[PDB]
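Here the structure is laid out as structure tokens; the discussion comes afterwards.
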Amino acid sequence: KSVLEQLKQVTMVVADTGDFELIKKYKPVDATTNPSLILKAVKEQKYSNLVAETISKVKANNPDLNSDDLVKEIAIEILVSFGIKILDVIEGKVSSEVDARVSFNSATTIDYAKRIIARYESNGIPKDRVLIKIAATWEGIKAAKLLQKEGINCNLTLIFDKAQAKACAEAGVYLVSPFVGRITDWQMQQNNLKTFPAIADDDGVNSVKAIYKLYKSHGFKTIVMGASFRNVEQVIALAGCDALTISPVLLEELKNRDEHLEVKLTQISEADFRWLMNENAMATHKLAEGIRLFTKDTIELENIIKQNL
Amino acid sequence: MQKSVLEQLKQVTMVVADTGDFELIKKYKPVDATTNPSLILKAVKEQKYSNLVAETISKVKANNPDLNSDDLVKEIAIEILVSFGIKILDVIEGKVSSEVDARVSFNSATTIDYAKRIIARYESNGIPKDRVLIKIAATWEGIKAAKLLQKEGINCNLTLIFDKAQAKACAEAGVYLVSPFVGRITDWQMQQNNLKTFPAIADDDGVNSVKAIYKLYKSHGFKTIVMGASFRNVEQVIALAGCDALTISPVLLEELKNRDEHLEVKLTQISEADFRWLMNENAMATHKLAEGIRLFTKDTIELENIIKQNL
């Protein structure tokens, strides 16, 4: 058995891509998108017809919207159209991320999430097949608490800190996506490291291990999904995690190796949360950075939509 | 005849001394003075104030025999920061700034409580609230706290200001005074760009930040005092001549006192979600606000450990 197939025995394998054509090579259970991956699927142009049809559809269904509102509605429908194509090739769920610009507004986050779900449902996809990805700021967590109460399952993303993860679980979220790679990136930058750290010393791997241990010892039922990978050894290190979302490149690396895979993994108030985050210099920087960078990619996507109206 | 750079500055800007070392303050005759948790730790640890620190720990211990150890340490820490403030007030005409415990920085209600506790300790010694500014980190929760404190006549000094949005929100809250930082912003600039020498004044991100806030405030007619803080060299201070106020370390005060070159005058609505977005967009501000709270917290924990070692 390949390492990929070994991993599937102990972990829910998830594909991290909007390039739905790649997903059948790997037979993951679930798939995840993010604003950068949607932009890449739009930019690389394998799906220009899907984009063009989406734009036409939204214009016809929305004669009342001005150019700004129309572009926003198209951005949502693009996210959903990719998700629908992904759902055609997997048995599980797809994750679709809200506009990062709403990250500090629980209200607009709730509305955005509900609009994504409504668009899926209008296209005949039931909400049980979708996770709404939300950056794990306090405001995102508070939004997810409400959405979960209303039956909308959330994927809390940009998780860099254990207390941050704990708060998510306290809110009853379906799933959390603690990051690995971006933490390793910070670690390597801090000391100008030229090579990846040994696995035992990899701050990103250790961050997910710590969250896993917290959740299992405490009996939290939220799914732990490691995300953000720089090398295949980081993914292998976390075998046994509830779920791991993995790029098509790294899925291919796992598919082509066949050594033995060792299985390794077997209330907070607002003020408390803000304090614990502030104590984590890396998490404070990297949460903020993720929201800035995803916003830049969403603006690039909007500019592409505008050029094709 | 032409006076020193210091005396010329005093003519056009309220000169403030940035130190817990009250003995040094009298050599410079500032109007006001500022402390912060790091400066209080430095004054507590230095040999020359060891009698004042000793006497403070004794008096609180004697008058509070029934406090649990956690409460007792907290009471001594507030007494030490107030006792240095009082020694400063004895040697100046104006106000002293005393910072709340940095651990309350994300809690408006405990900020308000800590501020009131500081004021009460001053008042217990006969010092009226009009001689004290409560220094509060300009997180959203600190701005909310300060808005409420100002409604009760407690003047605040909103510190760790790194972005024009904080500054604007502070003004909108009606705070008495803001402390936009210079030096720490230049530190970020110099570390990030590998700068061997300090940037030209025109290119100094820190100096430009205070200039932008000053311009914002005067164009909007805000009455909040703009006090530049955090300096790395005299040239950054001189660059801001004419700002409402400038708080300056004793090393830099001494440099200004001894220079006689001519001083040219250079300086003559936000929702929570908006504030948080604009802060987020500023990588430097996000990092430096957080770091400042962390570092002040580390120094206050060291103060607490020193209190515990002397009990």
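When segment A:122-140 is filtered for residues that are buried (at least 22 other Cβ atoms within 10 Å of the Cβ) and more than 14 Å from every other protein chain (Cβ to nearest Cβ), the ones remaining, listed by number, are A:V130, A:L131, A:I132, A:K133, A:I134. Any residue in segment A:124-151 that's of a type in the set (S, T, Y): show its pairings with residues that are in a strand (DSSP E or B) at Cβ separation under 9 Å, as long as the two are six or more apart or on different chains. Pairs that qualify, where the first residue is of a type in the set (S, T, Y) and the partner is in a strand (DSSP E or B), are A:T137/A:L158.
So that you can scan it fast, the table gives a plain yes or no per residue for (1) over 16 Å from the mean Cα position of the chain (by Cα); (2) over 21 Å from B:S38 (Cβ atoms):
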position	(1), (2)
B:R117	yes, no
B:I127	yes, yes
B:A138	no, no
B:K144	yes, yes
B:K147	yes, yes
B:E152	yes, yes
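Residues that are under 19 Å from the mean Cα position of the chain (by Cα) and either among the β-branched types (V, I, T) or within 11 Å of chain B (Cβ to nearest Cβ) (or both) within segment A:294-305 comprise A:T295, A:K296, A:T298, A:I299, listed in sequence order. For segment B:269-278, residues that are over 19 Å from A:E289 (Cα atoms) and either more than 10 Å from chain A (Cβ to nearest Cβ) or in contact with a helix residue (DSSP H, G or I) (Cβ under 8 Å, 6 or more places away or on another chain) (or both) total 3.
Do the conditions hold for B:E281, that is, is it within 8 Å of chain A (Cβ to nearest Cβ) and buried (at least 17 other Cβ atoms within 10 Å of the Cβ)? Spell out the reasoning first.
Details: within 8 Å of chain A (Cβ to nearest Cβ): yes; buried (at least 17 other Cβ atoms within 10 Å of the Cβ): no.
It is false that B:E281 is within 8 Å of chain A (Cβ to nearest Cβ) and buried (at least 17 other Cβ atoms within 10 Å of the Cβ).
Exactly one residue out of A:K1, A:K24 is among the basic types (K, R) and more than 18 Å from A:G92 (Cβ to Cβ), and it is A:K1.
Could you tell me how many of the residues in segment B:258-286 are in a loop (DSSP other than H, G, I, E, B) and over 24 Å from the mean Cα position of the chain (by Cα)? Explain how you work it out, then say what you get.
Narrowing segment B:258-286 to residues in a loop (DSSP other than H, G, I, E, B): B:258-271, B:282.
With the extra rule that they be over 24 Å from the mean Cα position of the chain (by Cα), the set shrinks to B:258-264, B:269, B:271.
Adding up the residues that qualify gives 9.
Coordinate-derived values only; no laboratory data. Because the Cβ atoms are built from the backbone with ideal geometry, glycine has one as well, and the counts that use them run over all protein chains shown.
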